[PDB]
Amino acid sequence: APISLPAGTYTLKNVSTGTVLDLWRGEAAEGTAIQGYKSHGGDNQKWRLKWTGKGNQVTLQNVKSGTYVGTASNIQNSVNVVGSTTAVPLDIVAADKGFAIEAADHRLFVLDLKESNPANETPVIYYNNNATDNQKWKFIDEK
């Protein structure tokens, strides 16, 4: 009424665990692990959603580090999601709960909280989209 997902800063909360998308210590170094972690409201747990101007593609950028949701190597199953100066372009797709986050140039793969594990520092990885709950993210807007 209307429902929109505007460009802005988001807390990203895993549907399965209630844990949030977390950049390891908020560090800017290339390859810094992106993981599930207990929500604490810190900037390393905030992400800027922005459209690139190519189709409906977006990027996600860590507020603390300034680095982007990226990849540890060539995107395929079980590849780590990592903070990177090179953003992996994403598509944000409406799911039965929250949204799926697909790699826009590798659409078979989505951001995946590994094995629905609620423990801190559980890896987020690229994985085949099976539309399981651990592959869905609630977008919580910061106003």
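All residue numbers refer to positions in the sequence shown, first residue = 1.
The deposited model assigns a higher average Cα B-factor to 102-110 than to the other stretch when 35-43 and 102-110 are compared. Comparing 81-89 with 23-31, the stretch with the higher mean C-alpha B-factor in the PDB entry is 23-31.
As recorded in the entry, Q76 carries the highest CA temperature factor of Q76, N62, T59, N56. Sort the modelled residues of the chain by CA B factor and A95 lands in the middle third. Split the chain's modelled residues into thirds by C-alpha temperature factor. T122 is in the middle one. Sorting the modelled residues of the chain by their CA temperature factor places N134 in the middle third.
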